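One file, model23.txt, carrying compact mmCIF, N, CA and C atoms and all ligand atoms:
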```
# COMPACT_ATOMS: atom_id res chain seq x y z
N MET A 1 -18.45 18.67 -18.10
CA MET A 1 -18.65 17.51 -17.16
C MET A 1 -17.81 17.81 -15.93
N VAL A 2 -16.49 17.83 -16.14
CA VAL A 2 -15.44 18.17 -15.14
C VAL A 2 -15.01 19.64 -15.31
N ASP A 3 -15.52 20.34 -16.32
CA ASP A 3 -14.95 21.66 -16.72
C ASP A 3 -15.07 22.67 -15.58
N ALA A 4 -16.11 22.58 -14.74
CA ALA A 4 -16.37 23.53 -13.63
C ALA A 4 -15.26 23.43 -12.57
N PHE A 5 -14.52 22.31 -12.54
CA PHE A 5 -13.43 22.05 -11.56
C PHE A 5 -12.10 22.60 -12.06
N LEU A 6 -11.97 22.89 -13.36
CA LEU A 6 -10.64 23.22 -13.92
C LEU A 6 -10.17 24.58 -13.48
N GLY A 7 -8.85 24.70 -13.38
CA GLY A 7 -8.21 25.96 -13.04
C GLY A 7 -7.36 25.88 -11.81
N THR A 8 -7.09 27.06 -11.27
CA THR A 8 -6.17 27.25 -10.13
C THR A 8 -7.00 27.68 -8.93
N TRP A 9 -6.79 27.00 -7.81
CA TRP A 9 -7.59 27.17 -6.57
C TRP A 9 -6.65 27.37 -5.39
N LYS A 10 -7.05 28.19 -4.43
CA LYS A 10 -6.23 28.46 -3.23
C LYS A 10 -7.06 28.14 -2.00
N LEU A 11 -6.45 27.47 -1.03
CA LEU A 11 -7.14 27.12 0.22
C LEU A 11 -7.45 28.42 0.99
N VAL A 12 -8.70 28.59 1.43
CA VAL A 12 -9.13 29.77 2.23
C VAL A 12 -9.72 29.38 3.58
N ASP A 13 -10.01 28.10 3.84
CA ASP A 13 -10.60 27.69 5.14
C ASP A 13 -10.33 26.20 5.32
N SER A 14 -10.09 25.78 6.55
CA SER A 14 -9.85 24.35 6.84
C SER A 14 -10.45 24.02 8.20
N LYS A 15 -11.28 23.00 8.24
CA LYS A 15 -11.88 22.53 9.50
C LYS A 15 -11.48 21.07 9.70
N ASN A 16 -10.85 20.77 10.83
CA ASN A 16 -10.59 19.39 11.31
C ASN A 16 -9.58 18.65 10.42
N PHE A 17 -8.68 19.33 9.73
CA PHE A 17 -7.61 18.61 9.01
C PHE A 17 -6.72 17.84 9.98
N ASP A 18 -6.41 18.41 11.15
CA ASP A 18 -5.58 17.69 12.16
C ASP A 18 -6.25 16.34 12.50
N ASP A 19 -7.56 16.33 12.73
CA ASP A 19 -8.29 15.09 13.11
C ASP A 19 -8.18 14.07 11.97
N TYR A 20 -8.35 14.52 10.73
CA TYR A 20 -8.26 13.65 9.54
C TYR A 20 -6.84 13.09 9.46
N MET A 21 -5.82 13.95 9.59
CA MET A 21 -4.41 13.48 9.49
C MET A 21 -4.10 12.53 10.65
N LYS A 22 -4.59 12.83 11.85
CA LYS A 22 -4.33 11.94 13.02
C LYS A 22 -4.91 10.57 12.72
N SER A 23 -6.15 10.53 12.22
CA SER A 23 -6.85 9.27 11.87
C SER A 23 -5.98 8.41 10.93
N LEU A 24 -5.26 9.03 10.01
CA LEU A 24 -4.38 8.33 9.04
C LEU A 24 -3.03 8.00 9.63
N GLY A 25 -2.76 8.40 10.87
CA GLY A 25 -1.49 8.09 11.55
C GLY A 25 -0.37 9.06 11.20
N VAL A 26 -0.68 10.24 10.67
CA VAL A 26 0.36 11.24 10.33
C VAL A 26 0.97 11.73 11.66
N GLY A 27 2.29 11.88 11.67
CA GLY A 27 3.10 12.26 12.85
C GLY A 27 2.84 13.70 13.23
N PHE A 28 2.98 14.07 14.51
CA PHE A 28 2.64 15.44 14.97
C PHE A 28 3.43 16.53 14.22
N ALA A 29 4.67 16.26 13.79
CA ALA A 29 5.53 17.27 13.14
C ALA A 29 4.96 17.58 11.76
N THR A 30 4.59 16.55 10.99
CA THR A 30 3.96 16.80 9.66
C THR A 30 2.62 17.51 9.87
N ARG A 31 1.83 17.09 10.84
CA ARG A 31 0.52 17.77 11.11
C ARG A 31 0.76 19.25 11.44
N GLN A 32 1.80 19.55 12.21
CA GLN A 32 2.10 20.93 12.63
C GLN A 32 2.31 21.80 11.38
N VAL A 33 3.19 21.37 10.47
CA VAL A 33 3.46 22.12 9.22
C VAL A 33 2.23 22.17 8.33
N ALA A 34 1.52 21.07 8.16
CA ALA A 34 0.28 20.99 7.33
C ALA A 34 -0.79 21.97 7.84
N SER A 35 -0.84 22.23 9.15
CA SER A 35 -1.87 23.12 9.73
C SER A 35 -1.66 24.57 9.33
N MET A 36 -0.45 24.90 8.88
CA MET A 36 -0.11 26.30 8.54
C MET A 36 0.14 26.42 7.03
N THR A 37 -0.04 25.34 6.29
CA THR A 37 0.18 25.31 4.83
C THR A 37 -1.13 25.71 4.12
N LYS A 38 -1.05 26.57 3.10
CA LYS A 38 -2.23 26.96 2.29
C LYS A 38 -1.95 26.62 0.83
N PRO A 39 -2.22 25.36 0.45
CA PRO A 39 -1.89 24.84 -0.87
C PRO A 39 -2.64 25.56 -1.98
N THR A 40 -2.01 25.50 -3.16
CA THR A 40 -2.62 25.85 -4.46
C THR A 40 -2.96 24.53 -5.15
N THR A 41 -4.20 24.35 -5.57
CA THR A 41 -4.58 23.16 -6.33
C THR A 41 -4.81 23.57 -7.78
N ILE A 42 -4.16 22.89 -8.71
CA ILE A 42 -4.33 23.16 -10.16
C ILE A 42 -4.93 21.92 -10.79
N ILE A 43 -6.04 22.09 -11.50
CA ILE A 43 -6.73 20.96 -12.15
C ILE A 43 -6.78 21.28 -13.64
N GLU A 44 -6.21 20.39 -14.44
CA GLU A 44 -6.08 20.60 -15.90
C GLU A 44 -6.58 19.33 -16.56
N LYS A 45 -7.07 19.46 -17.79
CA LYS A 45 -7.45 18.28 -18.59
C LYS A 45 -6.76 18.34 -19.94
N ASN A 46 -6.49 17.16 -20.47
CA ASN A 46 -6.01 16.94 -21.84
C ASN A 46 -6.76 15.71 -22.32
N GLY A 47 -7.80 15.92 -23.12
CA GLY A 47 -8.75 14.86 -23.49
C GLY A 47 -9.39 14.23 -22.25
N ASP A 48 -9.25 12.92 -22.05
CA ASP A 48 -9.86 12.25 -20.89
C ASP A 48 -8.84 12.13 -19.74
N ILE A 49 -7.68 12.80 -19.83
CA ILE A 49 -6.69 12.70 -18.73
C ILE A 49 -6.74 13.99 -17.91
N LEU A 50 -7.05 13.85 -16.62
CA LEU A 50 -6.95 14.97 -15.66
C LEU A 50 -5.57 14.95 -15.03
N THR A 51 -5.07 16.13 -14.71
CA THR A 51 -3.86 16.28 -13.89
C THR A 51 -4.22 17.22 -12.74
N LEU A 52 -3.98 16.75 -11.54
CA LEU A 52 -4.30 17.48 -10.30
C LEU A 52 -2.97 17.70 -9.57
N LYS A 53 -2.54 18.95 -9.52
CA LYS A 53 -1.33 19.40 -8.82
C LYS A 53 -1.77 20.03 -7.49
N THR A 54 -1.03 19.74 -6.43
CA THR A 54 -1.20 20.41 -5.13
C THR A 54 0.17 20.96 -4.76
N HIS A 55 0.30 22.28 -4.73
CA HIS A 55 1.59 23.00 -4.54
C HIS A 55 1.58 23.76 -3.22
N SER A 56 2.70 23.69 -2.52
CA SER A 56 2.92 24.49 -1.29
C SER A 56 4.41 24.60 -1.03
N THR A 57 4.78 25.50 -0.12
CA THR A 57 6.19 25.75 0.22
C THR A 57 6.85 24.42 0.58
N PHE A 58 6.19 23.67 1.47
CA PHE A 58 6.78 22.51 2.20
C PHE A 58 6.47 21.18 1.50
N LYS A 59 5.50 21.14 0.59
CA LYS A 59 5.07 19.86 0.00
C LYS A 59 4.38 20.05 -1.34
N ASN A 60 4.64 19.15 -2.27
CA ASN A 60 4.03 19.19 -3.62
C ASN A 60 3.64 17.79 -4.03
N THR A 61 2.49 17.67 -4.65
CA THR A 61 2.03 16.40 -5.24
C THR A 61 1.52 16.67 -6.66
N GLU A 62 1.44 15.59 -7.44
CA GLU A 62 0.91 15.65 -8.80
C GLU A 62 0.43 14.25 -9.14
N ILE A 63 -0.80 14.18 -9.62
CA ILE A 63 -1.38 12.92 -10.10
C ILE A 63 -1.98 13.22 -11.46
N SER A 64 -2.01 12.20 -12.29
CA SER A 64 -2.71 12.20 -13.59
C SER A 64 -3.55 10.94 -13.63
N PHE A 65 -4.80 11.07 -14.06
CA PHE A 65 -5.74 9.95 -14.03
C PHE A 65 -6.80 10.15 -15.11
N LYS A 66 -7.40 9.04 -15.51
CA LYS A 66 -8.63 9.02 -16.31
C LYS A 66 -9.79 8.72 -15.37
N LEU A 67 -10.88 9.47 -15.47
CA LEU A 67 -12.04 9.21 -14.59
C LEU A 67 -12.45 7.75 -14.79
N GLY A 68 -12.72 7.08 -13.68
CA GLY A 68 -13.31 5.74 -13.66
C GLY A 68 -12.26 4.65 -13.90
N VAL A 69 -10.95 4.99 -13.95
CA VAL A 69 -9.87 3.99 -14.15
C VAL A 69 -8.93 4.04 -12.95
N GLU A 70 -8.74 2.90 -12.29
CA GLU A 70 -7.88 2.81 -11.10
C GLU A 70 -6.45 3.19 -11.46
N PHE A 71 -5.77 3.87 -10.55
CA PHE A 71 -4.36 4.24 -10.71
C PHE A 71 -3.66 4.05 -9.38
N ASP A 72 -2.36 3.79 -9.47
CA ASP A 72 -1.49 3.78 -8.28
C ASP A 72 -1.15 5.22 -7.91
N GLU A 73 -1.17 5.51 -6.61
CA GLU A 73 -0.93 6.87 -6.09
C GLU A 73 -0.06 6.73 -4.86
N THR A 74 0.91 7.61 -4.74
CA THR A 74 1.69 7.81 -3.48
C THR A 74 1.24 9.13 -2.87
N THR A 75 0.56 9.10 -1.73
CA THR A 75 -0.04 10.32 -1.14
C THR A 75 1.02 11.20 -0.47
N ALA A 76 0.61 12.39 -0.07
CA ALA A 76 1.52 13.42 0.48
C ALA A 76 2.14 12.88 1.76
N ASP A 77 1.39 12.05 2.48
CA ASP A 77 1.86 11.40 3.73
C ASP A 77 2.42 9.99 3.43
N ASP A 78 2.73 9.66 2.18
CA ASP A 78 3.56 8.50 1.80
C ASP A 78 2.80 7.18 1.88
N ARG A 79 1.47 7.20 1.84
CA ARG A 79 0.67 5.98 1.66
C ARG A 79 0.74 5.57 0.19
N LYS A 80 1.02 4.30 -0.07
CA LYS A 80 0.90 3.72 -1.42
C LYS A 80 -0.51 3.15 -1.54
N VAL A 81 -1.36 3.82 -2.32
CA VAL A 81 -2.80 3.48 -2.39
C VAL A 81 -3.20 3.11 -3.82
N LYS A 82 -4.33 2.44 -3.91
CA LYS A 82 -5.08 2.22 -5.16
C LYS A 82 -6.20 3.25 -5.19
N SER A 83 -6.23 4.10 -6.22
CA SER A 83 -7.12 5.27 -6.34
C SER A 83 -8.05 5.12 -7.52
N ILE A 84 -9.23 5.70 -7.38
CA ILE A 84 -10.13 5.87 -8.53
C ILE A 84 -10.86 7.18 -8.31
N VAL A 85 -10.97 7.98 -9.36
CA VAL A 85 -11.72 9.26 -9.31
C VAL A 85 -12.87 9.13 -10.28
N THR A 86 -14.09 9.37 -9.81
CA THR A 86 -15.28 9.35 -10.68
C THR A 86 -16.13 10.59 -10.42
N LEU A 87 -16.96 10.94 -11.51
CA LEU A 87 -17.93 12.04 -11.48
C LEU A 87 -19.24 11.44 -10.99
N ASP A 88 -19.74 11.90 -9.84
CA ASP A 88 -20.90 11.30 -9.16
C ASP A 88 -21.76 12.46 -8.70
N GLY A 89 -22.95 12.65 -9.27
CA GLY A 89 -23.80 13.81 -8.96
C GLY A 89 -23.06 15.12 -9.15
N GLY A 90 -22.17 15.17 -10.13
CA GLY A 90 -21.42 16.37 -10.49
C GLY A 90 -20.28 16.65 -9.51
N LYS A 91 -20.06 15.74 -8.56
CA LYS A 91 -18.92 15.82 -7.61
C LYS A 91 -17.77 14.96 -8.16
N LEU A 92 -16.52 15.39 -7.98
CA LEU A 92 -15.34 14.52 -8.18
C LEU A 92 -15.15 13.73 -6.90
N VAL A 93 -15.27 12.42 -6.99
CA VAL A 93 -15.13 11.53 -5.83
C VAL A 93 -13.85 10.75 -6.06
N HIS A 94 -12.90 10.92 -5.16
CA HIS A 94 -11.60 10.25 -5.17
C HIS A 94 -11.59 9.25 -4.02
N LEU A 95 -11.53 7.98 -4.34
CA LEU A 95 -11.50 6.87 -3.36
C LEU A 95 -10.10 6.29 -3.34
N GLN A 96 -9.48 6.22 -2.17
CA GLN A 96 -8.14 5.64 -1.95
C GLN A 96 -8.34 4.38 -1.12
N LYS A 97 -7.69 3.29 -1.51
CA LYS A 97 -7.73 2.00 -0.77
C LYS A 97 -6.31 1.48 -0.57
N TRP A 98 -6.02 1.02 0.64
CA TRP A 98 -4.69 0.47 0.99
C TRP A 98 -4.86 -0.31 2.29
N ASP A 99 -4.22 -1.48 2.40
CA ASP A 99 -4.22 -2.27 3.65
C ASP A 99 -5.63 -2.47 4.19
N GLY A 100 -6.64 -2.59 3.32
CA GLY A 100 -8.04 -2.82 3.70
C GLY A 100 -8.72 -1.56 4.21
N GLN A 101 -7.98 -0.45 4.23
CA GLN A 101 -8.47 0.89 4.65
C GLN A 101 -9.03 1.64 3.43
N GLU A 102 -9.89 2.63 3.68
CA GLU A 102 -10.46 3.50 2.63
C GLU A 102 -10.46 4.94 3.14
N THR A 103 -10.15 5.88 2.26
CA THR A 103 -10.50 7.29 2.51
C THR A 103 -11.10 7.89 1.25
N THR A 104 -12.02 8.83 1.42
CA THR A 104 -12.56 9.58 0.28
C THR A 104 -12.17 11.03 0.37
N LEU A 105 -11.92 11.58 -0.81
CA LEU A 105 -11.64 13.02 -1.01
C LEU A 105 -12.69 13.50 -2.02
N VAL A 106 -13.72 14.18 -1.52
CA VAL A 106 -14.87 14.57 -2.36
C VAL A 106 -14.72 16.06 -2.64
N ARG A 107 -14.81 16.42 -3.91
CA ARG A 107 -14.81 17.82 -4.38
C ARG A 107 -16.18 18.17 -4.96
N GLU A 108 -16.79 19.23 -4.42
CA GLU A 108 -18.17 19.69 -4.79
C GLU A 108 -18.10 21.22 -4.94
N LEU A 109 -18.68 21.80 -6.02
CA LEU A 109 -18.75 23.24 -6.25
C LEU A 109 -20.03 23.73 -5.61
N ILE A 110 -19.86 24.60 -4.63
CA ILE A 110 -20.97 25.24 -3.87
C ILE A 110 -20.70 26.74 -3.91
N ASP A 111 -21.63 27.52 -4.48
CA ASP A 111 -21.54 29.00 -4.48
C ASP A 111 -20.21 29.44 -5.11
N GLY A 112 -19.73 28.73 -6.14
CA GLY A 112 -18.49 29.09 -6.85
C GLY A 112 -17.20 28.58 -6.18
N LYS A 113 -17.30 28.03 -4.98
CA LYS A 113 -16.11 27.61 -4.20
C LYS A 113 -15.98 26.11 -4.36
N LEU A 114 -14.76 25.60 -4.28
CA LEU A 114 -14.52 24.15 -4.40
C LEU A 114 -14.38 23.63 -2.97
N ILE A 115 -15.35 22.83 -2.54
CA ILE A 115 -15.37 22.26 -1.16
C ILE A 115 -14.77 20.87 -1.23
N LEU A 116 -13.68 20.65 -0.49
CA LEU A 116 -13.02 19.34 -0.42
C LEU A 116 -13.40 18.72 0.92
N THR A 117 -14.08 17.58 0.89
CA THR A 117 -14.43 16.85 2.12
C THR A 117 -13.59 15.58 2.19
N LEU A 118 -12.83 15.44 3.27
CA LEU A 118 -11.92 14.29 3.49
C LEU A 118 -12.52 13.45 4.60
N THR A 119 -12.72 12.16 4.34
CA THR A 119 -13.31 11.23 5.32
C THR A 119 -12.41 10.01 5.46
N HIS A 120 -12.04 9.70 6.70
CA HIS A 120 -11.34 8.45 7.08
C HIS A 120 -11.80 8.05 8.46
N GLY A 121 -12.13 6.77 8.63
CA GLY A 121 -12.77 6.29 9.87
C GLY A 121 -13.97 7.15 10.20
N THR A 122 -13.97 7.81 11.36
CA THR A 122 -15.08 8.73 11.72
C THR A 122 -14.70 10.19 11.50
N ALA A 123 -13.45 10.46 11.10
CA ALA A 123 -12.92 11.84 10.94
C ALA A 123 -13.44 12.44 9.63
N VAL A 124 -13.89 13.69 9.69
CA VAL A 124 -14.42 14.44 8.51
C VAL A 124 -13.80 15.84 8.54
N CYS A 125 -13.02 16.14 7.51
CA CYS A 125 -12.37 17.46 7.36
C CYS A 125 -13.03 18.14 6.16
N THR A 126 -13.27 19.44 6.26
CA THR A 126 -13.80 20.28 5.16
C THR A 126 -12.81 21.40 4.85
N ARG A 127 -12.31 21.41 3.62
CA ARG A 127 -11.37 22.44 3.13
C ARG A 127 -12.05 23.19 2.00
N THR A 128 -12.03 24.49 2.14
CA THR A 128 -12.62 25.41 1.17
C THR A 128 -11.51 26.00 0.32
N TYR A 129 -11.63 25.83 -1.00
CA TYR A 129 -10.77 26.46 -2.01
C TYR A 129 -11.58 27.51 -2.77
N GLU A 130 -10.92 28.61 -3.10
CA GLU A 130 -11.46 29.75 -3.88
C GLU A 130 -10.62 29.90 -5.16
N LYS A 131 -11.27 30.25 -6.26
CA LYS A 131 -10.57 30.49 -7.54
C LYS A 131 -9.48 31.54 -7.35
N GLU A 132 -8.29 31.31 -7.92
CA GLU A 132 -7.14 32.22 -7.77
C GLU A 132 -7.56 33.59 -8.27
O1 LIG B 1 -5.60 19.02 -1.07
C1 LIG B 1 -5.75 19.19 0.17
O2 LIG B 1 -6.11 20.26 0.66
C2 LIG B 1 -5.40 18.08 1.14
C3 LIG B 1 -5.40 16.73 0.43
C4 LIG B 1 -5.34 15.54 1.41
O3 LIG B 1 -4.02 15.62 1.84
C5 LIG B 1 -3.51 14.80 2.85
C6 LIG B 1 -4.16 13.65 3.18
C7 LIG B 1 -3.70 12.87 4.19
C8 LIG B 1 -2.53 13.20 4.84
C9 LIG B 1 -1.84 14.34 4.51
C10 LIG B 1 -2.37 15.16 3.55
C11 LIG B 1 -1.52 16.30 3.23
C12 LIG B 1 -1.54 17.09 2.07
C13 LIG B 1 -0.44 17.95 2.15
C14 LIG B 1 -0.09 18.90 1.09
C15 LIG B 1 -0.15 20.25 1.22
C16 LIG B 1 0.25 20.99 0.13
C17 LIG B 1 0.68 20.38 -1.06
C18 LIG B 1 0.71 19.01 -1.18
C19 LIG B 1 0.33 18.29 -0.08
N1 LIG B 1 0.15 17.70 3.32
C20 LIG B 1 1.27 18.17 3.77
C21 LIG B 1 1.65 19.49 4.02
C22 LIG B 1 2.92 19.82 4.49
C23 LIG B 1 3.84 18.82 4.73
BR1 LIG B 1 5.60 19.16 5.35
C24 LIG B 1 3.51 17.51 4.48
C25 LIG B 1 2.24 17.19 3.99
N2 LIG B 1 -0.45 16.65 3.98
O1 LIG B 2 -8.82 29.07 -12.39
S1 LIG B 2 -9.88 29.54 -11.40
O2 LIG B 2 -11.08 29.91 -12.24
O3 LIG B 2 -10.39 28.24 -10.75
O1 LIG B 3 -7.93 32.97 5.62
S1 LIG B 3 -7.23 33.48 4.37
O2 LIG B 3 -6.11 32.54 4.09
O3 LIG B 3 -8.25 33.22 3.29
```
Encoding of this model in structure tokens:
Amino acid sequence: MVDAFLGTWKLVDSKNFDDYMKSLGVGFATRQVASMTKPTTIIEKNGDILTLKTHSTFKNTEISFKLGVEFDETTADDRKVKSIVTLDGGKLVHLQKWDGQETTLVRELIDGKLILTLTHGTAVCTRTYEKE
């Protein structure tokens, strides 16, 4: 179901992450470092619990969730959000809600690569991850 997403992934391409971060109000100094960061994403399962790690020199995050069950999340840019991750047309769809705002983080496997699409307001960022 989710098994195609599991493993270790490395960022190989990023389009419009600055625009996405600006839309969320991230400060120019964090955007500057984020533009040169190439995270490792690790996705693991233990029964119905997923754990998604994002590792880099300058920043690390870790979340654990059950698909379709809301969880509290503190994002890399320090937003306290209400999150839900669901399997939708074989995509992992992560919806974050806070202060009446919404962003989606969609993960889709295309040609063996994990495509992460980030949407907030009108901003759309596409990050390509490749298997380690
Ligand atoms: O997984 C992805 O490729 C992006 C997921 C959506 O991430 C963000 C969404 C909105 C605002 C900021 C970010 C973000 C993510 C990271 C990050 C990078 C590596 C490891 C962990 C986190 N950001 C970051 C990088 C460096 C510094 Br200093 C501070 C933050 N910013
Ligand atoms: O662990 S790699 O196959 O994503
Ligand atoms: O562009 S390199 O980081 O894949």
Produce the centre coordinates and the three edge lengths, each in Å to one decimal, of the box along x, y and z that contains all listed atoms of range 78-87 of chain A with 8 Å added on each side, as AutoDock Vina command-line options.
```
--center_x -7.8 --center_y 7.1 --center_z -4.7 --size_x 38.8 --size_y 25.8 --size_z 29.7
```
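Of the residues in range 3-107 of chain A, those given helix (DSSP H, G or I) by DSSP on the backbone are residues 3, 4, 5, 17, 18, 19, 20, 21, 22, 23, 28, 29, 30, 31, 32, 33 and 34 of chain A.
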Residues of chain A at most 7 Å from ligand LIG 3 (chain B): nearest atom pair and distance in Å, only N, CA and C atoms and all ligand atoms, as a tab-separated table:
```
residue	atom	partner	partner_atom	distance
A:11	C	B:LIG3	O2	5.3
A:12	CA	B:LIG3	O3	3.7
A:13	N	B:LIG3	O3	5.4
```
Tell me, counting all atoms listed in the file, for each residue of chain A within 6 Å of ligand LIG 2 (chain B), which pair of atoms is nearest and how far apart they are in Å to one decimal, in rows ordered by chain and increasing number, as a tab-separated table.
```
residue	atom	partner	partner_atom	distance
A:6	C	B:LIG2	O3	4.6
A:7	CA	B:LIG2	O1	3.2
A:8	N	B:LIG2	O1	2.9
A:9	N	B:LIG2	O3	4.8
A:130	C	B:LIG2	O3	5.8
A:131	CA	B:LIG2	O3	3.9
A:132	N	B:LIG2	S1	4.2
```
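Of the listed residues (A:25, A:79, A:109, A:120), A:109 comes nearest to residue 5 in chain A; the distances count only N, CA and C atoms.
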Give me, as a tab-separated table, each residue of chain A that comes within 5 Å of ligand LIG 1 (chain B), together with its shortest interatomic pair and the distance in Å at one decimal, counting only N, CA and C atoms and all ligand atoms, with rows ordered by chain and rising residue number.
```
residue	atom	partner	partner_atom	distance
A:33	C	B:LIG1	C22	4.6
A:34	CA	B:LIG1	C21	3.9
A:39	CA	B:LIG1	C16	4.5
A:54	C	B:LIG1	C17	3.8
A:55	C	B:LIG1	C17	4.1
A:56	N	B:LIG1	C17	4.1
A:58	C	B:LIG1	BR1	4.4
A:59	C	B:LIG1	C17	3.7
A:60	N	B:LIG1	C18	4.1
A:61	N	B:LIG1	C18	4.1
A:76	C	B:LIG1	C25	4.9
A:77	N	B:LIG1	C9	4.4
```
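With distances restricted to only C-alpha atoms, A:14 is the closest residue to residue 37 in chain A from A:97, A:83, A:14, A:91.
Proximity to residue 47 in chain A was assessed for A:15, A:107, A:31, A:66 counting only N, CA and C atoms; the smallest distance is recorded for A:66.
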| Every residue of chain A that DSSP places in strand (DSSP E or B), as number ranges by chain | A: 7-15, 40-46, 49-55, 60-66, 71-74, 80-88, 91-98, 101-110, 113-120, 123-131
| message | What does the structure give for the distance between CA of residue 67 in chain A and CA of residue 92 in chain A, in Å to one decimal? | response | 9.0 Å
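Of the listed residues (A:128, A:49, A:101, A:28), A:128 comes nearest to residue 113 in chain A; the distances count only N, CA and C atoms.
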| remark: From the list A:46, A:40, A:104, A:23, the nearest residue to residue 10 in chain A using only N, CA and C atoms is A:40
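When atom C of residue 86 in chain A is paired with CA of residue 106 in chain A, their separation reads 9.1 Å.
The coordinates place atom N of residue 127 in chain A at 7.3 Å from atom C of residue 114 in chain A.
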| request: Please provide as a ChimeraX atom specification all residues within 6.5 Å of residue 124 in chain A, with the sequence filter that same-chain residues fewer than 4 positions apart are discarded (counting only N, CA and C atoms). | output: /A:15-17,19-20,117-120
| message | Need to verify the contact set: residue 63 in chain A, 6.5 Å, only N, CA and C atoms, exclusion of same-chain residues closer than 6 positions in sequence. Can you return it as a PyMOL selection string? | response | chain A and resi 50-54
Create the file for the chosen residues now, containing N, CA and C atoms and written as an mmCIF file, in the frame of the given file.
```
data_model
loop_
_atom_site.group_PDB
_atom_site.id
_atom_site.type_symbol
_atom_site.label_atom_id
_atom_site.label_comp_id
_atom_site.auth_asym_id
_atom_site.auth_seq_id
_atom_site.Cartn_x
_atom_site.Cartn_y
_atom_site.Cartn_z
ATOM 1 N N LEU A 50 -7.050 13.850 -16.620
ATOM 2 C CA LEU A 50 -6.950 14.970 -15.660
ATOM 3 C C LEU A 50 -5.570 14.950 -15.030
ATOM 4 N N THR A 51 -5.070 16.130 -14.710
ATOM 5 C CA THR A 51 -3.860 16.280 -13.890
ATOM 6 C C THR A 51 -4.220 17.220 -12.740
ATOM 7 N N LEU A 52 -3.980 16.750 -11.540
ATOM 8 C CA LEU A 52 -4.300 17.480 -10.300
ATOM 9 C C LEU A 52 -2.970 17.700 -9.570
ATOM 10 N N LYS A 53 -2.540 18.950 -9.520
ATOM 11 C CA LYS A 53 -1.330 19.400 -8.820
ATOM 12 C C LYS A 53 -1.770 20.030 -7.490
ATOM 13 N N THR A 54 -1.030 19.740 -6.430
ATOM 14 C CA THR A 54 -1.200 20.410 -5.130
ATOM 15 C C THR A 54 0.170 20.960 -4.760
#
```
